[PDB]
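Q: coords please:
(5 chains, ligands or ions: 8)
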Amino acid sequence: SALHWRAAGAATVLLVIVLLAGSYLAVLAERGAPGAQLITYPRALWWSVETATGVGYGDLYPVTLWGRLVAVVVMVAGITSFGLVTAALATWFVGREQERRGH
Amino acid sequence: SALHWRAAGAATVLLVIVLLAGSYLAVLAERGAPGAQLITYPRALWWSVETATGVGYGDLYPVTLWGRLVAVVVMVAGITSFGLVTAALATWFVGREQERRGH
Amino acid sequence: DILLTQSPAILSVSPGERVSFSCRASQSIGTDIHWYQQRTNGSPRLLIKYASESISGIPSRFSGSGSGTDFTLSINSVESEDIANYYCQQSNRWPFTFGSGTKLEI
Amino acid sequence: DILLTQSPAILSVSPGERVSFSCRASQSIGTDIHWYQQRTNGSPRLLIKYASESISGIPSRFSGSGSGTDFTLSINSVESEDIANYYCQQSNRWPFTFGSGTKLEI
Amino acid sequence: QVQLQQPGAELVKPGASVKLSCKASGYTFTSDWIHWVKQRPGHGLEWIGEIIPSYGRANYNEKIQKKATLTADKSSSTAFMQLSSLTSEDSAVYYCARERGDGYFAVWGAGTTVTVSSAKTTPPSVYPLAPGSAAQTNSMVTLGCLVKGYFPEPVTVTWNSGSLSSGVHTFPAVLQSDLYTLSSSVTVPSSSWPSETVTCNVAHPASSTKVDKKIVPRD
Ligand SMILES: CCCCCCCCCO
Ligand SMILES: CCCCCCCCCO
Ligand SMILES: [K+]
Ligand SMILES: [K+]
Ligand SMILES: [K+]
Ligand SMILES: [K+]
Ligand SMILES: [K+]
Ligand SMILES: [K+]
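A: Residues are numbered from 1 along each chain as shown, chains lettered A, B, ... in the order given. Ligands and ions are numbered 1, 2, ... in the order given. Shown next is the protein structure:
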């Protein structure tokens, strides 16, 4: 296994950790704030996923400072992970095209 | 430090500047328009981040022409910055794979 | 905060007859409502979770329905052991809140 | 624009008794409500910000609660210095608006 | 096994403070929240606050005056509620409940009856209630126990250590001169008494006393 496929795997594992920790911390941050909906773990996890994927339906979102800071970490982890996968795919294709051209 | 890691760092710093200036200008543009919610700085900043990351929960959005123009700049700055990071990661992986193959 | 209205406060029914308790939320809360039973001098007891989901150990004559703002707890053929106070509770928005409660009479 | 209803306009209470002022918004405004006190011939004075957040220099007997459309300012054990007019104000949507005010009597 | 264990009662003087406990057992997760609910006699359930033991953070009902302070001990799996500066308005049953972080209260405690009063603790006197010599009997016979002069509430009256539940009802206590009094009724087949023993069990957790009283025919 080369570097790019290693970093991609690591980013995927790390993303899973961020989703789980993010769901836990979001509930912890949002409870205590009147009107907050991000307050139970199952839907918090669903919120984490759609935050990391950038979909953001808007059915759930943080209203507190720390809940929003947690969200930012989830967003960045998502953008970085999927960005790291795209870069890895590009490296794979560049290398294969390099061999195909006999260089 | 090579070019790609330099541009990535510059894009990150520039993005931070856009988020701050964007939050300030959004409030300035949205105040004066009845029904506007993007009118206080703390949540405007949160709006800027979720705009730059493309998440867009829909809890906050501009309703004025200039507020929307500001939003467009924030979006593009976000897409460009994270796009510049992905390109930098790809260059890093291509270079390392190049060495791994002894070329 | 979310207000849960339970009316009527008292429900009189004949033995073996179907009864329905109502719970109305001050705003839309999907299906995040839960039902509890409290007999005289007893502690509350979960009957239905998430509006309609049954609980292990709870008689099949207990059921729930509704979504949004209007929720209903139903008892098929009321028997003597069902005499108690019935409370609804929401978990959609913080803080959790309880309804005022409905007493069942036979 | 957002209308803030304060009823009743006058609240009579006995000394040492807990009192509660109500503020109702014409639409949902989260927790973007703020409370001010204005004594006779005085300027308004911030008591509570963002529905429930306490302010430095303000006696601990002053508290706030609520979210969405229904908000409450409370005073634990009303004393003579609390005699004033009480206004709520929203910052959720432009323009900012004030409630009609509630007068406290002892 | 009982997942949530609370003390039966606590007597508090006006102005004093008390710390209620709630020892948890069964499955425990990092996503567990412990809640506290206040119920005044004749009234409904009122949410007080919550705490997450795995982190120690607590949240409180903003709509009411904060007289509670929640803490937890991970080593003993016990939750605590510190009630301070109590008045008669604070006299109620306080339940603790466990939520698996999914919004509903799966299990509740038995409840701790808190009485705020200046009066002194008094254990109950239990007297037997057997029919008089002239009383005729049908297929059933009615016996009883007189639990008189105790403070504060509550008392728990069982018959034959719980084995005799059917045909049993205990009346609400009456208050007079800072002392409570109630009776408990039991109805068994006439042929079964007194050949098969009948004994009431009166527990008064406020004074940590539990007494028995065998019901025998009048001499
Ligand atoms: C990254 C932030 C960790 C979660 C912080 C908990 C916030 C406590 C709420 O007052
Ligand atoms: C890029 C736009 C700068 C902000 C313009 C302020 C708009 C004035 C509102 O009438
Ligand atoms: K996207
Ligand atoms: K999106
Ligand atoms: K919407
Ligand atoms: K979106
Ligand atoms: K959306
Ligand atoms: K939406």
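
Q: And the residue of chain C closest to chain D?
A: residue C:1 (5.9 Å; C-beta to the nearest C-beta). C-beta: built from backbone N, CA, C; applies to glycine.

Q: residues in contact with residue E:80?
A: E:19, E:20, E:21, E:22, E:70, E:71, E:72, E:73 (C-beta atoms under 8 Å, 6 or more residues apart in numbering or on different chains).

Q: please redo it, this time with the cut-off set to 10 Å
A: By C-beta atoms under 10 Å, 6 or more residues apart in numbering or on different chains, residue E:80 lies in contact with E:19-23, E:34, E:36, E:51, E:69-73, E:96.

Q: So it versus residue E:113, what's the distance?
A: Going from residue E:80 to residue E:113 by C-beta to C-beta, to the nearest Å gives 17 Å.

Q: again with residue E:97
A: Taking C-beta to C-beta, one finds residue E:97 at 16 Å from residue E:113.

Q: Count the residues that sit near whatever residue of chain C ends up closest to ligand 1.
A: Relative to ligand 1, the nearest point of chain C is residue C:94 (12.1 Å; C-beta to the nearest ligand atom). A count of nearby residues for residue C:94, using other C-beta atoms under 10 Å in any protein chain shown, gives 23.

Q: Give me the most central residue, chain C.
A: Nearest to the geometric centre of chain C sits residue C:35, at 4.1 Å (C-alpha atoms, centre = their mean).

Q: quick one: contacts for that one?
A: Residue C:35 makes contact with C:21, C:23, C:44-49, C:51-52, C:55, C:58, C:62-64, C:71-73, C:86-89, C:99, E:104, according to C-beta under 10 Å, 6+ apart.

Q: in what helix or strand does it lie?
A: Following DSSP states H and E, one finds residue C:35 within strand C:33-38.

Q: so which helix or strand takes in the closest residue to chain B within chain E?
A: Residue of chain E nearest chain B, by C-beta to the nearest C-beta: residue E:62 (20.7 Å). According to DSSP H and E, residue E:62 maps onto no helix or strand at all.

Q: ok, and the closest non-adjacent residue to it?
A: Distances taken as C-beta to C-beta, 6 or more residues apart in numbering or on different chains place residue D:65 nearest to residue E:62, at 4.0 Å, with adjacent residues excluded.

Q: Paired strands for the host helix or strand of that neighbour, with orientation please.
A: Per DSSP H and E: residue D:65 is located in strand D:62-67. The strands beside strand D:62-67 in its sheet (DSSP bridges) come out as strand D:70-75 (antiparallel).

Q: which strands and helices sit next to the helix or strand just after the partner strand?
A: Next in sequence after strand D:70-75, counting helices and strands by DSSP H and E, comes strand D:85-90. For strand D:85-90, the elements it packs on are strand D:4-5, strand D:19-25, strand D:33-38, strand D:45-49, strand D:70-75, strand D:97-98, strand D:102-105, judged by 3 or more C-beta pairs under 10 Å, 6 or more residues apart in numbering or on different chains; DSSP states H and E.

Q: can we see that at 6 Å?
A: Secondary-structure packing of strand D:85-90 (3 or more C-beta pairs under 6 Å, 6 or more residues apart in numbering or on different chains; DSSP states H and E): strand D:33-38, strand D:97-98.
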